[PDB]
*Asks:* 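Next up is a structure, given as structure tokens.
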Amino acid sequence: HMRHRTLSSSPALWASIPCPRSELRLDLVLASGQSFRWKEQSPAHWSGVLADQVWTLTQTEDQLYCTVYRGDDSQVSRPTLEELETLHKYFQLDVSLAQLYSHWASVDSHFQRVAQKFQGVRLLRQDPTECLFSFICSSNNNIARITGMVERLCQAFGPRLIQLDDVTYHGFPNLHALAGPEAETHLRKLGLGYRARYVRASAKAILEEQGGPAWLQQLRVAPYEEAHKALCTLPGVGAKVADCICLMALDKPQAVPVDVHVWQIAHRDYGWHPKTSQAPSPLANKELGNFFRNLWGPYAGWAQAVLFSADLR
Ligand SMILES: COc1cc(NC(=O)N2CCC(n3c(=O)[nH]c4c(Br)cccc43)CC2)ccc1C
Ligand code: NI
């Protein structure tokens with residue numbers, strides 16, 4: 001009945017935000033392994049679900065064009081002031097990426113070279129719950145396989161929002177839905193494997209041990225290291241997944257998620273070797289995070305995303 005919108009098809013239902021290409025590149029950000037909920041359903045048109053609503057996003061050289069599908073058989077219209085504020089916070093456009101790029105480049109010759117082609121790579125401000133369970137699914141996994149597990153998980157547990165063409169869109173499920181006695185068995189049938197246990201276990205833990213989603217909001221205003229330790233008490237959440245959530249959901253820009261991916265970049269592109277440590281290891285991984293924080297500064301996590309986006313593309 002209802003189809004995916006393009007800026008040419010139905011320009012009446014679109015709204016713009018003043019945003020240069022230097023500050024944001026949809027094609028780089030929405031497929032850099034930050035969110036796993038956006039798909040380029042038509043060329044230069046990125047469709048995904050955001051806070052129990054579906055969006056389609058496209059851009060020019062100095063404008064970010066966006067349209068909303070409410071889904072509750074409502075009168076179709078342009079995005080509101082509040083819904084545009086939601087998108088502004090989501091891309092964290094209040095922060096100048098140009099000034100950060102220059103600041104990182106001043107102390108890093110390697111970043112300077114990569115910063116040429118790969119501009120407008122910024123960090124999304126994600127829902128802690130969506131981010132947490134998405135990055136529990138990320139362990140020893142590729143972007144395409146993670147995107148599969150998260151899509152299936154949302155269709156099975158999350159509430160249906162709308163159908164556009166052949167794609168049925170579901171919002172991310174609440175903690176109670178993932179904590180049920182059937183949850184792990186269902187999730188294994190959806191192909192999560194060993195990750196199915198950590199999803200149910202972490203959902204049950206946040207509810208019983210930590211007192212629901214308000215905890216993840218407490219970690220948002222808590223300092224980085226208090227938040228990191230707190231997340232590491234959850235089933236299937238270590239330093240890597242804890243740093244990812246910290247960087248991408250809990251506003252900890254100095255959070256540098258360290259696994260084999262940054263290790264490769266650290267060694268090949270920076271000639272880094274563990275100085276204080278003997279032998280990858282928990283101690284060596286922490287040293288590597290401190291190395292990048294010492295080099296790039298309090299937005300070290302944002303810098304890593306630019307090199308990550310560069311290594312993926
Ligand atoms: C862009 O900003 C960030 C993204 C992440 N995401 C992440 O670490 N993962 C785990 C592996 C996935 N992945 C993969 O499958 N191959 C990859 C190659 Br090659 C490079 C980087 C990631 C790759 C994507 C989800 C972590 C931190 C930052 C700042
Ligand atoms: Ni070497």
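Residue numbers start at 1 and run along the sequence shown.
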*Asks:* For the residue pair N285 / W263, report whether a side-chain donor-acceptor contact shorter than 3.5 Å exists.
*Replies:* yes
*Asks:* Should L81 and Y90 be counted in the same cluster of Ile, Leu, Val, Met, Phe, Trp and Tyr side chains packed under 4.5 Å apart?
*Replies:* no
*Asks:* How far apart are the closest heavy atoms of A12 and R78, and which atoms are they?
*Replies:* O-CG, 3.1 Å
*Asks:* Of all heavy-atom pairs between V256 and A300, which one has the smallest distance, and what is that distance?
*Replies:* CG2-CB, 3.7 Å
*Asks:* Do any N or O atoms from the side chain of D165 and from the backbone of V167 form a donor-acceptor pair under 3.5 angstrom?
*Replies:* no
*Asks:* Between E184 (side chain) and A196 (backbone), is there a donor-acceptor pair under 3.5 Å?
*Replies:* no
*Asks:* Could you give the distance from CD1 (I245) to CZ (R220), rounded to the nearest 0.5 Å?
*Replies:* 12.5 Å
*Asks:* How close do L216 and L250 get, heavy atom to heavy atom, and via which atoms?
*Replies:* O-CD2, 3.4 Å
*Asks:* Please report the interatomic distance CG(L175) to CH2(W215), rounded to the nearest 0.5 Å.
*Replies:* 10.0 Å
*Asks:* With distance as the sole test, does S277 use its side chain to make a donor-acceptor pair with the main-chain N or O of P274 at under 3.5 Å?
*Replies:* no
*Asks:* Evaluate the side-chain proximity of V262 to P257: yes if any heavy-atom separation is below 4.5 Å, no if none is.
*Replies:* no
*Asks:* Tell me whether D243 is salt-bridged to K252, with the criterion being a basic N under 4.0 Å from an acidic carboxylate O.
*Replies:* no
*Asks:* Would you say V221 and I206 are hydrophobically clustered, going by side-chain heavy atoms of ILVMFWY under 4.5 Å?
*Replies:* no
*Asks:* Where the side chain of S10 meets the backbone of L13, is there a donor-acceptor pair that is under 3.5 Å apart?
*Replies:* no
*Asks:* Please tell me whether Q34 and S32 have a donor and an acceptor in their side chains that are separated by less than 3.5 angstrom.
*Replies:* yes
*Asks:* side-chain contact (heavy atoms from CB on, under 4.5 Å) between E40 and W46: does it pass, once the steps are laid out?
*Replies:* CA-CA 4 Å; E40 196 174 12; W46 295 87; 3.4 Å; yes
*Asks:* Taking all non-hydrogen atoms of both residues into account, name the closest pair between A205 and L234 and its distance.
*Replies:* CB-CD2, 4.1 Å
*Asks:* Applying a strict under-4.5 Å side-chain criterion to I, L, V, M, F, W and Y, I'd like to know whether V107 and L97 cluster together.
*Replies:* yes
*Asks:* If we ignore hydrogens and angles and just use 3.5 Å, is the side chain of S138 paired with the main-chain N or O of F135 as donor and acceptor?
*Replies:* yes
*Asks:* Is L123 close to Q92 at the side-chain level, that is, under 4.5 Å between some pair of heavy atoms?
*Replies:* yes
*Asks:* How far apart are the C-alpha atoms of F111 and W104, what are their side-chain angles, what is the distance that settles it, and do they pass the ring pair (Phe, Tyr, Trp, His ring centres under 6.0 Å) test?
*Replies:* CA-CA 7 Å; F111 180 88; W104 299 321; 5.5 Å; yes
*Asks:* Given 3.5 Å as the limit, does a donor-acceptor pair link the side chain of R200 with the main chain of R197, or not?
*Replies:* no
*Asks:* So does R70 pair up with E83, basic N to acidic O under 4.0 Å?
*Replies:* yes
*Asks:* Taking atom NE2 of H110 as the centre, report whether more than 12 heavy atoms of other residues, nucleotides or ligands fall under 6.0 Å from it.
*Replies:* yes
*Asks:* If you define the side chain from C-beta out and look only at heavy atoms, does anything of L231 sit under 4.5 Å from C246?
*Replies:* yes
*Asks:* Does the ring centre of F133 sit less than 6.0 Å away from the ring centre of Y198?
*Replies:* no
*Asks:* For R160 and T168, test the side chains for any donor-to-acceptor distance below 3.5 angstrom and give the result as yes or no.
*Replies:* no
*Asks:* What closest approach, in Å, do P18 and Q63 show between heavy atoms, and which atom pair accounts for it?
*Replies:* CA-NE2, 3.6 Å
*Asks:* What about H4 and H45, are their ring centers closer than 6.0 Å?
*Replies:* no
*Asks:* For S22 and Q119, test the side chains for any donor-to-acceptor distance below 3.5 angstrom and give the result as yes or no.
*Replies:* no
*Asks:* Name all residues meeting the side chain to side chain contact (heavy atoms under 4.5 Å, CB included) criterion together with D62; count only those two or more places apart in sequence or in a different chain, and write none if there are none.
*Replies:* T60
*Asks:* Between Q254 and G301, is there a donor-acceptor pair closer than 3.5 Å when you use the side chain of the first and the backbone of the second?
*Replies:* no
*Asks:* Just wondering, do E287 and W272 contact through their side chains at under 4.5 Å, heavy atoms?
*Replies:* yes
*Asks:* Taking the side chain from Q53 and the backbone from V68, do they hold a donor-acceptor pair closer than 3.5 Å?
*Replies:* no
*Asks:* Establish whether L24 and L124 are linked, either directly or via other cluster members, by ILVMFWY side-chain heavy-atom contacts under 4.5 Å.
*Replies:* yes
*Asks:* Can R313 be said to sit on top of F118's aromatic six-ring, NZ or CZ under 6.0 Å from centre and within 45° of the ring axis?
*Replies:* no
*Asks:* I'd like to know if the side chain of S202 reaches the main chain of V199, judged simply by a donor and an acceptor atom lying under 3.5 Å from each other, with no hydrogens or angles considered.
*Replies:* no
*Asks:* Taking atom types as modelled and ignoring hydrogens, do the side chains of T56 and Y69 form a donor-acceptor contact shorter than 3.5 angstrom?
*Replies:* yes
*Asks:* By salt bridge (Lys or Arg N to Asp or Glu O under 4.0 Å), which residues pair with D269, not counting sequence neighbours?
*Replies:* none
*Asks:* Which heavy atom of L93 sits nearest a heavy atom of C19, and at what distance?
*Replies:* CD2-SG, 3.7 Å
*Asks:* With the side chain counted from C-beta on, respond yes when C154 and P173 share a heavy-atom pair under 4.5 Å apart, and no when they do not.
*Replies:* yes
*Asks:* Can you tell me how far CZ of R37 sits from OG of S47, rounded to the nearest 0.5 angstrom?
*Replies:* 12.5 Å
*Asks:* With ring pair (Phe, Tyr, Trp, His ring centres under 6.0 Å) as the criterion, how do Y299 and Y101 come out once you've worked through the C-alpha distance, each side chain's angles and the decisive distance to 0.1 Å?
*Replies:* CA-CA 10 Å; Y299 278 75; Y101 263 57; over 10 Å; no
*Asks:* Do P79 and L87 touch side chain to side chain, with heavy atoms closer than 4.5 Å?
*Replies:* no
*Asks:* Side-chain heavy atoms nearer than 4.5 Å, only ILVMFWY residues, links allowed to pass through others: does that put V114 and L295 together?
*Replies:* yes
*Asks:* Do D94 and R125 sit within salt-bridge range, that is, some charged N less than 4.0 Å from a carboxylate O?
*Replies:* no
*Asks:* Just wondering, do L57 and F91 contact through their side chains at under 4.5 Å, heavy atoms?
*Replies:* yes
*Asks:* Hey, is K39 close enough to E151 for a salt bridge, meaning N to O under 4.0 Å?
*Replies:* yes
*Asks:* Taking atom types as modelled, find out whether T67 and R5 have a side-chain donor-acceptor pair closer than 3.5 angstrom.
*Replies:* yes
*Asks:* Could you tell me whether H170 and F157 have their ring centroids closer than 6.0 angstrom?
*Replies:* no
*Asks:* With rounding to the nearest 0.5 angstrom, report the OG to CD1 distance, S134 to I146.
*Replies:* 8.5 Å
*Asks:* If you define the side chain from C-beta out and look only at heavy atoms, does anything of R293 sit under 4.5 Å from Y224?
*Replies:* yes
*Asks:* Would you find a donor on one side and an acceptor on the other, under 3.5 Å apart, between the side chain of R21 and the backbone of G120?
*Replies:* no
*Asks:* List in chain and number order the residues that pass salt bridge (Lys or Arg N to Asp or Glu O under 4.0 Å) with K229, two or more places apart in sequence or in another chain; answer none if no residue qualifies.
*Replies:* none
